[PDB]
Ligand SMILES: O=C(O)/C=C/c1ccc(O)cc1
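Next comes just one chain, in structure tokens: the form solved without the named molecule.
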């Protein structure tokens, strides 16, 4: 029986540099709490959908660096191995994603990126902790995960898969670029790739806006005004459907001078300095010697906008420059500029940038990757993901049709950072953004069908339930297009209906 196997697995499992804390039988529907998690970590608890054996481990990686790996092994095992990622600067095991994977019969694993808690203070004067964050945590979890999965069931895994979002998307791309043999399938959502450029980008907004009271700064009401005016200029005029959703933000070049202050002083208008701020926020970041750092935040990208651009400076970027790049807690985010952006690119710990165009090894072995990004994502720019696709195409010397074999990037209209947004956003990257449980409308199942049955996804279907609910009646559904296709409304059918839209890439 399964409970006897799980209890006895504790003593028998002797992996190298690995101390097994415990093995726990967890039946279907049981609520598992996480009391040893950091106060900042989320979630505090998760409901498992199926019977599993929850293995907990401590993996020492260096003299002063270590991981906390967990492996959730289901009783109704399909043969598939899965690995989860992390988010932001966090050392939090994403337990909802590990349980989500376990629910579909995957032997799922998840690690804490080399530290505990959302802060990156652990990285200060510690190369081993940074090394785990950049690549080694997810890699070591995958190698050890396969060995324990092999030893537990008494047979090797059929296929290896990855599912990650935000920082997880970067971690998935790190694997596709530098560790191609680890995974057969990868889902990389809203990737934090070009990571040093992203922290440079996120840090620069404070330097542009300044603190509240300053002439360059915009309040939450003034930013809300700007995003409404973005829809006036760019929503219906560019996609023909006034739904508050920009279907293709590439076509939108917003001009904030439409809201110029005719009055003597501001009230519900943009001053000269505020116009300068919006163009910099909706414009690219360059640096020393005219070098290109990171793209704009696209107009309409309201989801997760307040975190980076707010009343105080952005903590993740400040900590990155303080602890990792400059190695100084005295570093001031108020005086951020070109010299900081240049230094981050030159330091680039363990190639955390993750901007490698050559995916030959990944293609050669026959691995697949589904890349996706929400178009309302205001925390990480979707334009960055567009530029990576083109960087890969240019580096490898392969057209979009050749890339379709192994690499497809989907642009999800009306979807925020990983979850949320006001459009047909639920594509099944995690529980929070879960819609249907079919290949066409669940990206995890789409990845499985592509790797095993050879069904390459033409689109990925997202949904919005009534009143933006977790489940129920489907209000809006749209088949989101892969780059460089554009989703075009047919000018007759109901825009909520999938069949009214069409993915177009004009060649004649």
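Each form is matched to the other, and the largest set of C-alpha atoms that superpose within 1.5 Å is called the rigid core. Residue numbers count along the first chain shown, from 1. Residues that one form lacks are left out of the comparison.
Look at the C-alpha B-factors of 122 to 130 and of 387 to 395. On average they run higher in 122 to 130. When 328 to 336 is weighed against 166 to 174, 328 to 336 comes out higher, by mean CA B-factor as recorded in the entry.
Highest C-alpha temperature factor among 317, 204, 351, 253, as the PDB entry reports it: 317.
Looking only at 446, 55, 481, 463, the residue with the top Cα B factor in the deposited structure is 55. Per the deposited record, the Cα B-factor of residue 417 falls in the middle third when ranked against the other modelled residues of its chain. In this PDB entry, the Cα temperature factor of residue 489 sits in the middle third of its chain's modelled residues.
Compared with the other modelled residues of the chain, the Cα B-factor recorded for residue 81 ranks in the lowest third. Among all modelled residues in its chain, residue 145 ranks in the middle third by Cα B-factor.
In the PDB entry, a CA B factor belonging to the highest third of its chain's modelled residues is recorded for residue 267.
The discussion below concerns the form solved in complex with the named molecule, not included here.
Of the candidates 413, 382, 430, 202, 202 is the one whose heavy atoms come within 4.5 Å of the named molecule in the entry with it bound; the others do not.
In summary, among the residues 254, 161, 195, 409, the only one with a non-hydrogen atom within 4.5 Å of the named molecule in the entry with it bound is 195. With the partner left out here, the named molecule still marks one of 262 to 270, 331 to 339, 374 to 382, 432 to 440 in the entry with it bound; by a 4.5 Å heavy atom cut-off that stretch is 374 to 382. The closest non-hydrogen atom of residue 206 lies beyond 4.5 Å of the named molecule in the entry with it bound. For the chain shown alone, residue 101 is not a contact residue for the named molecule in the entry with it bound, no non-hydrogen atom being within 4.5 angstroms.
Contact annotation for residue 304: none of its heavy atoms lies within 4.5 Å of the named molecule in the entry with it bound. In the entry with it bound, at least one heavy atom of residue 417 sits within 4.5 Å of a heavy atom of the named molecule. Measuring CA movement between this form and the one not shown with the rigid core aligned, the set 318, 227, 266, 116 has one residue at 2 Å or more: 266.
After fitting on the rigid core, only one stretch of 3+ residues whose CA atoms all move by 2 angstroms or more between this form and the one not shown is found, at 263 to 266.
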